[PDB]
$ cat model.txt   # compact mmCIF, C-alpha atoms (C1' of nucleotides)
# COMPACT_ATOMS: atom_id res chain seq x y z
CA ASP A 1 -0.97 1.91 23.23
CA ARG A 2 0.47 0.46 20.02
CA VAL A 3 -0.12 2.36 16.78
CA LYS A 4 -2.47 0.62 14.35
CA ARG A 5 -2.33 1.05 10.59
CA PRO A 6 -4.95 3.35 9.02
CA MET A 7 -8.04 1.86 7.43
CA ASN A 8 -8.75 2.18 3.71
CA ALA A 9 -12.05 3.15 2.08
CA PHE A 10 -13.57 -0.32 2.31
CA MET A 11 -12.85 -0.67 6.04
CA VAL A 12 -14.56 2.70 6.59
CA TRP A 13 -17.69 1.74 4.64
CA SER A 14 -17.78 -1.78 6.12
CA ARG A 15 -17.36 -0.43 9.65
CA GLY A 16 -20.35 1.82 9.06
CA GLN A 17 -22.50 -0.93 7.59
CA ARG A 18 -21.76 -3.94 9.80
CA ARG A 19 -22.83 -2.13 12.98
CA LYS A 20 -26.20 -1.39 11.39
CA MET A 21 -26.45 -4.96 10.12
CA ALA A 22 -25.66 -6.40 13.56
CA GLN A 23 -28.29 -4.21 15.21
CA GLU A 24 -30.68 -5.25 12.42
CA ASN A 25 -30.35 -9.03 12.78
CA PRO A 26 -28.28 -10.18 15.78
CA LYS A 27 -27.00 -13.75 16.22
CA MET A 28 -25.39 -13.33 12.77
CA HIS A 29 -21.68 -14.08 12.52
CA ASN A 30 -19.36 -11.47 11.04
CA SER A 31 -18.15 -14.02 8.47
CA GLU A 32 -21.37 -13.98 6.45
CA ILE A 33 -21.64 -10.26 7.24
CA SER A 34 -18.25 -9.55 5.66
CA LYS A 35 -19.01 -11.76 2.66
CA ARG A 36 -22.23 -9.82 2.03
CA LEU A 37 -20.53 -6.46 2.64
CA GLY A 38 -17.81 -7.17 0.09
CA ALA A 39 -20.37 -8.47 -2.39
CA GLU A 40 -22.36 -5.24 -2.01
CA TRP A 41 -19.30 -2.97 -2.23
CA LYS A 42 -18.23 -4.63 -5.48
CA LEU A 43 -21.52 -3.43 -7.02
CA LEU A 44 -21.24 0.25 -6.04
CA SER A 45 -20.40 2.89 -8.62
CA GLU A 46 -17.49 5.31 -8.31
CA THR A 47 -19.97 8.13 -7.64
CA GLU A 48 -21.18 6.11 -4.65
CA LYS A 49 -17.70 5.14 -3.41
CA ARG A 50 -16.29 8.70 -3.69
CA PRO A 51 -16.94 9.96 -0.13
CA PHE A 52 -15.49 6.90 1.60
CA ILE A 53 -12.37 6.98 -0.58
CA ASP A 54 -11.98 10.66 0.31
CA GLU A 55 -12.49 9.78 3.97
CA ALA A 56 -9.75 7.14 3.82
CA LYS A 57 -7.43 9.69 2.19
CA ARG A 58 -8.19 12.17 4.97
CA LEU A 59 -7.59 9.38 7.49
CA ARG A 60 -4.13 8.51 6.16
CA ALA A 61 -3.21 12.20 6.01
CA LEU A 62 -4.32 12.73 9.60
CA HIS A 63 -2.46 9.57 10.59
CA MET A 64 0.83 10.91 9.27
CA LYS A 65 -0.05 14.21 10.95
CA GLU A 66 -0.46 12.38 14.27
CA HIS A 67 2.35 9.80 13.90
CA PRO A 68 5.00 11.35 11.62
CA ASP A 69 7.36 8.40 12.27
CA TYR A 70 4.97 5.53 11.57
CA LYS A 71 6.11 2.46 9.63
CA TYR A 72 3.92 -0.55 8.88
CA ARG A 73 5.78 -3.61 10.17
CA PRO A 74 4.18 -7.00 9.46
CA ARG A 75 5.42 -10.44 10.57
CA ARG A 76 5.86 -12.76 7.59
CA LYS A 77 4.88 -16.42 7.89
CA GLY B 1 28.21 13.09 -5.96
CA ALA B 2 30.81 14.87 -3.84
CA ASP B 3 30.62 12.43 -0.92
CA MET B 4 28.17 9.66 -0.12
CA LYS B 5 27.57 10.88 3.45
CA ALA B 6 25.99 14.27 2.75
CA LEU B 7 24.36 13.12 -0.48
CA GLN B 8 22.70 10.10 1.13
CA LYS B 9 21.61 12.25 4.08
CA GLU B 10 19.96 14.73 1.70
CA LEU B 11 18.40 11.84 -0.21
CA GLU B 12 17.02 10.08 2.87
CA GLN B 13 15.42 13.29 4.09
CA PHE B 14 14.03 13.93 0.60
CA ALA B 15 12.44 10.48 0.75
CA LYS B 16 10.56 11.38 3.93
CA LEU B 17 9.46 14.66 2.36
CA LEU B 18 8.22 12.74 -0.69
CA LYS B 19 6.19 10.34 1.45
CA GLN B 20 4.74 13.25 3.42
CA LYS B 21 3.65 15.05 0.26
CA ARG B 22 2.16 11.95 -1.38
CA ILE B 23 0.17 11.32 1.80
CA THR B 24 -1.14 14.88 2.09
CA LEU B 25 -2.15 14.65 -1.59
CA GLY B 26 -3.92 11.30 -1.15
CA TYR B 27 -1.89 9.15 -3.54
CA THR B 28 -1.24 5.50 -2.80
CA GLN B 29 2.15 4.10 -3.77
CA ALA B 30 0.57 2.31 -6.73
CA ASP B 31 -1.03 5.61 -7.73
CA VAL B 32 2.36 7.35 -7.83
CA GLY B 33 3.76 4.46 -9.86
CA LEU B 34 0.90 4.65 -12.35
CA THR B 35 1.13 8.43 -12.73
CA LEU B 36 4.92 8.35 -13.15
CA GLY B 37 4.46 5.71 -15.83
CA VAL B 38 1.83 7.78 -17.59
CA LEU B 39 3.62 11.15 -17.65
CA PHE B 40 7.14 9.80 -18.34
CA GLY B 41 6.30 6.76 -20.49
CA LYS B 42 8.17 4.28 -18.25
CA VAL B 43 6.21 2.01 -15.92
CA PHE B 44 7.10 2.02 -12.22
CA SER B 45 5.76 -0.68 -9.92
CA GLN B 46 4.50 -0.08 -6.40
CA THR B 47 7.39 -2.28 -5.26
CA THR B 48 10.07 0.12 -6.50
CA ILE B 49 8.19 3.02 -4.89
CA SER B 50 8.02 1.27 -1.52
CA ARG B 51 11.74 0.50 -1.79
CA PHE B 52 12.45 4.15 -2.62
CA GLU B 53 10.44 5.37 0.37
CA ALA B 54 12.38 2.84 2.49
CA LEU B 55 15.76 3.99 1.05
CA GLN B 56 16.21 0.36 -0.02
CA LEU B 57 17.43 1.28 -3.52
CA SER B 58 20.84 1.72 -5.10
CA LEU B 59 22.01 5.30 -4.57
CA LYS B 60 22.30 5.63 -8.34
CA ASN B 61 18.65 4.57 -8.69
CA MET B 62 17.62 6.92 -5.87
CA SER B 63 19.28 9.86 -7.62
CA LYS B 64 18.02 8.65 -11.01
CA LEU B 65 14.41 8.76 -9.81
CA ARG B 66 14.68 11.89 -7.62
CA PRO B 67 14.22 14.34 -10.55
CA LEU B 68 11.34 12.24 -11.88
CA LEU B 69 9.61 12.46 -8.52
CA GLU B 70 10.27 16.20 -8.34
CA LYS B 71 8.53 16.80 -11.67
CA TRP B 72 5.75 14.46 -10.53
CA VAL B 73 5.20 16.36 -7.28
CA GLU B 74 5.18 19.66 -9.17
CA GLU B 75 2.43 18.38 -11.46
CA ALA B 76 0.51 16.79 -8.58
CA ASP B 77 0.56 19.98 -6.52
CA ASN B 78 -0.54 22.02 -9.54
CA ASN B 79 -3.45 19.62 -10.04
CA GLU B 80 -4.39 19.85 -6.36
CA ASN B 81 -4.39 23.66 -6.35
CA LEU B 82 -6.45 23.62 -9.55
CA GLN B 83 -9.05 21.25 -8.08
CA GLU B 84 -9.21 23.28 -4.86
CA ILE B 85 -9.84 26.56 -6.70
CA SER B 86 -12.42 24.90 -8.97
CA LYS B 87 -14.27 23.39 -6.00
CA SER B 88 -14.47 26.72 -4.18
CA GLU B 89 -15.62 28.37 -7.42
CA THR B 90 -18.41 25.84 -7.91
CA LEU B 91 -19.42 26.28 -4.26
CA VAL B 92 -19.80 30.04 -4.75
CA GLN B 93 -21.74 29.30 -7.94
CA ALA B 94 -24.04 26.95 -6.02
CA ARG B 95 -24.62 29.67 -3.42
CA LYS B 96 -25.55 32.08 -6.22
CA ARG B 97 -27.92 29.60 -7.89
CA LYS B 98 -29.61 28.55 -4.63
CA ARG B 99 -30.09 32.08 -3.28
CA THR B 100 -31.28 33.28 -6.70
CA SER B 101 -33.68 30.34 -7.19
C1' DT C 1 28.80 -24.86 -15.37
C1' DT C 2 29.73 -19.96 -9.58
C1' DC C 3 28.45 -15.15 -7.14
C1' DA C 4 26.38 -10.23 -6.54
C1' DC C 5 22.77 -7.34 -7.95
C1' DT C 6 18.02 -5.84 -10.14
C1' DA C 7 13.16 -5.52 -10.74
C1' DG C 8 8.69 -7.22 -10.77
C1' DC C 9 5.24 -10.79 -9.63
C1' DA C 10 3.00 -12.63 -6.45
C1' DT C 11 0.90 -12.92 -1.69
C1' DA C 12 0.87 -12.42 3.49
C1' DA C 13 -0.06 -9.05 7.09
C1' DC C 14 -3.28 -6.00 8.86
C1' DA C 15 -6.50 -2.49 9.46
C1' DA C 16 -12.85 -3.26 11.93
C1' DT C 17 -16.06 -6.07 14.15
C1' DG C 18 -17.68 -9.45 17.21
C1' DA C 19 -19.43 -14.55 17.76
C1' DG C 20 -17.73 -18.88 19.08
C1' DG C 21 -14.19 -22.23 19.10
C1' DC D 1 -4.96 -15.50 23.30
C1' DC D 2 -7.25 -17.55 18.57
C1' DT D 3 -9.98 -18.21 13.80
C1' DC D 4 -12.96 -16.28 10.52
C1' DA D 5 -14.55 -13.40 6.55
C1' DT D 6 -14.40 -9.34 3.77
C1' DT D 7 -11.16 -5.13 0.04
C1' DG D 8 -7.35 -2.20 -0.13
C1' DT D 9 -2.49 -0.53 1.05
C1' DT D 10 2.12 -1.75 2.06
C1' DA D 11 6.28 -4.63 2.89
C1' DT D 12 8.89 -8.47 1.08
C1' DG D 13 10.17 -13.47 -0.36
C1' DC D 14 10.92 -15.89 -4.61
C1' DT D 15 11.84 -15.93 -9.18
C1' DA D 16 13.83 -15.20 -14.14
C1' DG D 17 17.25 -12.45 -16.38
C1' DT D 18 22.26 -9.94 -16.42
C1' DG D 19 26.81 -9.44 -16.10
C1' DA D 20 31.74 -10.55 -14.02
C1' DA D 21 35.47 -13.40 -12.76
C1' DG D 22 37.83 -17.88 -13.20
$ encode --input "model.txt" --output "structure tokens"
Amino acid sequence: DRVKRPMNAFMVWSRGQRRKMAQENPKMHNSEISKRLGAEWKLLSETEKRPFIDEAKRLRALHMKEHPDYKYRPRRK
Amino acid sequence: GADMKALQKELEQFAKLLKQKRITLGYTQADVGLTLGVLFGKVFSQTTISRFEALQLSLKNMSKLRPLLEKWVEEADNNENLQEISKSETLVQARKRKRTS
DNA sequence: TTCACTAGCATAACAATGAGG
DNA sequence: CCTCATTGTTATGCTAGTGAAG
């Protein structure tokens, strides 16, 4: 029941893609999956990244709408 | 500053209003820093913006940046209204072109 | 060659996801 | 529980640089 921090544009796009990639070839560890996902994202153009960036913006806005008193609180090492 | 109590109360509620507006407009803290630097000629790091939003800055610095942020939010809201009107206009234009095609 | 503050520069934490230590 | 692996947003620990007092 703890509030999690909102996900940026990458996390949105990666969450979409890694489910498809796991259904595509199972028995593949998310480490190589995330390496490949980041490598692919680095090659996208701004025209291609636009909708996910806008989705992350909408997500943060809706997060503040839901939790007006949220504060990200990490635990430093 | 008449007294630090009422002034700091007003300032700490203004900080929450500033965060709320920057979130509903889609700016990251680094984005606000970059835009402040570009329209006022003085760079502002994301660090100072986080500290402002956490009221972790000297009251003199809080009040020194408050007018800067007010001008910034005026310009940002103008830009947002402009983009919104332009998007709806282009949508009506696309309706016209598609129905008339 | 002392203490208090100031402002970045860096980098950790953490969001998702699940397999396998 | 935990570690991994990824990019992006946010909080903050460590500096170099600045005065002030003695």
$ interface_residues --input "model.txt" --of "chain B" --to "chain A" --cutoff "7 Å" --atoms "all atoms listed in the file" --output "list in words"
residues 23, 24 and 26 of chain B
$ closest_atom_pairs --input "model.txt" --of "chain C" --to "chain A" --cutoff "9 Å" --atoms "only C-alpha atoms (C1' of nucleotides)" --output "tab-separated table"
residue	atom	partner	partner_atom	distance
C:12	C1'	A:76	CA	6.5
C:13	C1'	A:74	CA	5.3
C:14	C1'	A:5	CA	7.3
C:15	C1'	A:7	CA	5.0
C:16	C1'	A:15	CA	5.8
C:17	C1'	A:30	CA	7.1
C:18	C1'	A:30	CA	6.7
C:19	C1'	A:29	CA	5.7
$ write_last_selection --input "model.txt" --atoms "C-alpha atoms (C1' of nucleotides)" --output "PDB file, in the coordinates of the input"
ATOM      1  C1'  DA C  12       0.870 -12.420   3.490  1.00  0.00           C
ATOM      2  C1'  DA C  13      -0.060  -9.050   7.090  1.00  0.00           C
ATOM      3  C1'  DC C  14      -3.280  -6.000   8.860  1.00  0.00           C
ATOM      4  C1'  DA C  15      -6.500  -2.490   9.460  1.00  0.00           C
ATOM      5  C1'  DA C  16     -12.850  -3.260  11.930  1.00  0.00           C
ATOM      6  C1'  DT C  17     -16.060  -6.070  14.150  1.00  0.00           C
ATOM      7  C1'  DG C  18     -17.680  -9.450  17.210  1.00  0.00           C
ATOM      8  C1'  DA C  19     -19.430 -14.550  17.760  1.00  0.00           C
TER       9       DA C  19
END
$ interface_residues --input "model.txt" --of "chain D" --to "chain B" --cutoff "12 Å" --atoms "only C-alpha atoms (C1' of nucleotides)" --output "list in words"
residues 8, 9, 10, 11 and 12 of chain D
$ closest_residue --input "model.txt" --among "B:17, B:43, B:36, B:2" --to "chain C" --atoms "all atoms listed in the file"
B:43
$ interface_residues --input "model.txt" --of "chain D" --to "chain A" --cutoff "7 Å" --atoms "only C-alpha atoms (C1' of nucleotides)" --output "list in words"
residues 4, 5, 6, 7 and 8 of chain D
$ axis_aligned_box --input "model.txt" --around "segment 2-21 of chain D" --padding-each-side "5 Å" --output "AutoDock Vina command-line options"
--center_x 10.5 --center_y -9.4 --center_z 1.1 --size_x 60.0 --size_y 27.7 --size_z 45.0
$ interface_residues --input "model.txt" --of "chain C" --to "chain B" --cutoff "12 Å" --atoms "all atoms listed in the file" --output "mmCIF file with C-alpha atoms (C1' of nucleotides), in the frame of the given file"
data_model
loop_
_atom_site.group_PDB
_atom_site.id
_atom_site.type_symbol
_atom_site.label_atom_id
_atom_site.label_comp_id
_atom_site.auth_asym_id
_atom_site.auth_seq_id
_atom_site.Cartn_x
_atom_site.Cartn_y
_atom_site.Cartn_z
ATOM 1 C "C1'" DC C 5 22.770 -7.340 -7.950
ATOM 2 C "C1'" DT C 6 18.020 -5.840 -10.140
ATOM 3 C "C1'" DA C 7 13.160 -5.520 -10.740
ATOM 4 C "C1'" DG C 8 8.690 -7.220 -10.770
ATOM 5 C "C1'" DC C 9 5.240 -10.790 -9.630
ATOM 6 C "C1'" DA C 10 3.000 -12.630 -6.450
#
$ atom_distance --input "model.txt" --atom1 "atom CA of residue 1 of chain B" --atom2 "atom CA of residue 56 of chain B"
18.5 Å
$ atom_distance --input "model.txt" --atom1 "atom CA of residue 35 of chain B" --atom2 "atom CA of residue 74 of chain B"
12.5 Å
$ atom_distance --input "model.txt" --atom1 "atom CA of residue 75 of chain B" --atom2 "atom CA of residue 14 of chain B"
17.3 Å
$ residues_around --input "model.txt" --residues "segment 60-67 of chain B" --least-positions-apart "3" --cutoff "10 Å" --atoms "all atoms listed in the file" --output "ChimeraX atom specification"
/B:1,7-8,11-12,14-15,18,48-49,51-53,55-57,70-73
